[PDB]
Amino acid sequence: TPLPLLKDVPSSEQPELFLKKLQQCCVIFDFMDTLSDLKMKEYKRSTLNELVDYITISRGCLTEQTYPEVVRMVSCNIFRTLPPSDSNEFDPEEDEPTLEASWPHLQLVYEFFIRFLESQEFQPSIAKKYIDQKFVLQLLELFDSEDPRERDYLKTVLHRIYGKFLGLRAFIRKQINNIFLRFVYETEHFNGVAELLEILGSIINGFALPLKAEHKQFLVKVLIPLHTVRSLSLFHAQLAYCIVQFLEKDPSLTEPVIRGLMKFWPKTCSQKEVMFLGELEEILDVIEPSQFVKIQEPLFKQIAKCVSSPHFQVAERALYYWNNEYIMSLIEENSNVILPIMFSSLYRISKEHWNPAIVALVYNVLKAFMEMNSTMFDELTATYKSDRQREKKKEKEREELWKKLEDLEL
């Protein structure tokens, strides 16, 4: 139905032409077929360009009668079932994403929507009847889109819905929890994890001082187990931001966070181990001394294992802790507790590591433990092979023990 432009019509017929244009934009074209209906796609693209920009400034064109039409328009355009993906894994630096092809229309529709919620005349008490729980359920389903441009637009749209409608905030967070729990414990197949973590990063940034037990359960039971999935390289920065923000708001939550990061420490993925070390440096950068001491023993047992790892990347990332001055200061305060944890590890890697760079770094770390807290060092190198005989006789004791256990069962 060839309709004219809104600038070529009077102000009386302006709202009814606006509504009619949205009705025409409820028609979906086939972009997988490149040559089909070429002229009418250009008509809808130009018509979408008229619809956007028009809604930007305060003008009163957003009457209540336009609310259901614009909701139905964007619902007919973006809401759909995503096609199957020929891939099961994704490599950011090598693998390439599959585009949606209807973007020359979807982008404008998304741009129309993100500006409709951002409109100066937008009223949420009226729009909540149409942007309901069923609408956002489909919207969060759209987050599995393989197109990163669509995922970025859905990021901003979901942030706008969360900020405008406060009655949906509990439902939004619960649905993201459902998405994250299925992504972790069932099927690892979700492309919008990084965007959802950015949304949550802003939400956690805007939390209350009396932190609800619901959000503490959200951090412990959902955010921490998210560290286990293999695709952690796709959202390590956003997850680290959410963890650091939770600790910046409640430093008392640093105990369940540390225990979680070491309960899920990477044992078969070295790049994941380096990411854990990089994230842990951030947690230790925003740590408090009274909270550090509470977990300093099992923590430094882990870094003692990390500095003693034969993986040069993990060893470098763990030995670079001794270059950060603040976490150095915490070592200087509790050296009599963590130096015996590190000593045997550093002296072993001072002899058994293959990388000459790593054996030079552990020498520098040992020189630090000698310049500071010397008496600890002297009475530990004096009780070196004495303790090494103790552990060696303990091992053969366990071995002959298990030999006798197998002798009794026979």
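Start at 1 with the first residue shown and count on from there.
- Remark: stretch with higher mean C-alpha B factor among 89-97 and 151-159 is 89-97.
- The PDB entry records a higher mean C-alpha B factor for 330-338 than for its counterpart among 330-338 and 75-83.
- Ranking 282, 288, 250, 144 by Cα temperature factor from the entry places 288 first.
- In the PDB entry, a CA B factor belonging to the lowest third of its chain's modelled residues is recorded for residue 264.
- Residue 321: CA B factor lies in the middle third for its chain, per the PDB record.
- The PDB entry assigns residue 224 a C-alpha temperature factor belonging to the middle third of its chain's modelled residues.
- Sort the modelled residues of the chain by CA B factor and residue 202 lands in the middle third.
- Ranked by Cα temperature factor within the chain, residue 307 sits in the middle third according to the deposited record.
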